[PDB]
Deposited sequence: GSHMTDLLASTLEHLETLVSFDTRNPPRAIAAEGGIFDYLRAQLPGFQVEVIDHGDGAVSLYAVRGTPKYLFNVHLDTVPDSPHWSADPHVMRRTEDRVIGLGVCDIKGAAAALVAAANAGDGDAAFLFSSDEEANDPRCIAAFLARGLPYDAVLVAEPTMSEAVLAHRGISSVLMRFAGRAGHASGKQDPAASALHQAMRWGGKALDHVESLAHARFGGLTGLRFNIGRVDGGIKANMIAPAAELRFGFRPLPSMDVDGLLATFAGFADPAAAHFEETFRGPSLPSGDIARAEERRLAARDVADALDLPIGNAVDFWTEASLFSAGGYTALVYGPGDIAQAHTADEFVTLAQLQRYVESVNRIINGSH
């Protein structure tokens, strides 16, 4: 099945995918490339491109007096391993397209541009380029402008359903150092004891719930230490993360995890923290969620289940905006080799945003 709106979405998507916006290394410029392309594809919009530095670039486009803001990040995660073809050359099959970012989340950007060119309805777009890694600057800078909007729709793969809540996120780098002064002589033995305590604690939070979400997703993703089997390891690196439910005390959680290290870890660095959506006290979280639900209803968007993954909708929400996550595709394909999104999803999403923007 094909429509003019979908065909245009596919043409724009092929172009967007061809632009290298991998982050790292986030080699994104304010001039030329993808932003030059978008500037040329937004008729009737007042456009502004802001270079926040080091690859963090924003394009804020406004046409008319829109009440809603669509935010879409243009950066993608790095490619491979295992891609069967050039990740930057969008491929197409009978029912889907394959390319780096087609699912997360250039497909949404392509659809919004198509809608922008299919009618002159009011619309506000905020394209950023630093969502996939550390050192983000785009959204924080935009929030500092205090621009009014009844709601902000942040694009991420949600199978074209409005998601009103999601977990927060934390990532930590730990370094254990042997204490030759001894049961703590080994940095690896220390890491083992720390890990056992951390996992036990996570288990004690298994009954916490929010919107179908249960427990604390916790993950020790990297451990690297020692050299030989019988040689005492003087050092060990451990990287872990967790995804709190809204209203959970993240500061307290982090301190709890740090305190499980006896002796103290030589290094304990939270490399990133993102709030849950919504965030704050349980009362605030529920009130904010209901507000987002009312916006989704007003926009005729089917409501989807709360998700475990993180999005910048959490930032807009903490900033005082009613916010929701909405985009084509499934998170299951995000960050995968031969990442894909079905034409059905693209079609559903573009028709929906075109309705919001250009519909009667």
query: Gaps in the model, given as deposited-sequence positions counted from residue 1; finding: 1 to 2, 184 to 189, 369
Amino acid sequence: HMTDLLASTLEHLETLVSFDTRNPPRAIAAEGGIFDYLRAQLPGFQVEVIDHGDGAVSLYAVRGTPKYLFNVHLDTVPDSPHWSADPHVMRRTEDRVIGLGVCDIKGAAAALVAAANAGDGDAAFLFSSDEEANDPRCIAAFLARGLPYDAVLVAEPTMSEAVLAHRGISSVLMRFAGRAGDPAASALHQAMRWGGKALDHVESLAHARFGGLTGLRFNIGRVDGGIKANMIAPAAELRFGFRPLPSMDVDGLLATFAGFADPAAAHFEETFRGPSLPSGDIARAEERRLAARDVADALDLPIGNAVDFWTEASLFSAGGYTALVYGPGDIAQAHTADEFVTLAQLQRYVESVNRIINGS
From here on, numbers count along this sequence of modelled residues.
property	result
Between 191 to 199 and 148 to 156 (mean CA B-factor, as deposited), the higher	148 to 156
Between 182 to 190 and 208 to 216 (mean CA B-factor, as deposited), the higher	208 to 216
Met174, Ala264, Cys138, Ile227, ranked by C-alpha B-factor: the highest one	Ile227
Among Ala27, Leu324, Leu59, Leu315 - the residue whose C-alpha B-factor is largest in the record	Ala27
Third of chain Cα B-factors occupied by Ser247	middle
Among modelled residues of the same chain, the CA temperature factor third for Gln333	middle
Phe45 - Cα temperature factor, lowest/middle/highest third of chain	highest
Assigned third (lowest, middle, highest) for the C-alpha B factor of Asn117	highest
Position of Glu237 among the chain's modelled residues by C-alpha B-factor, lowest, middle or highest third	lowest
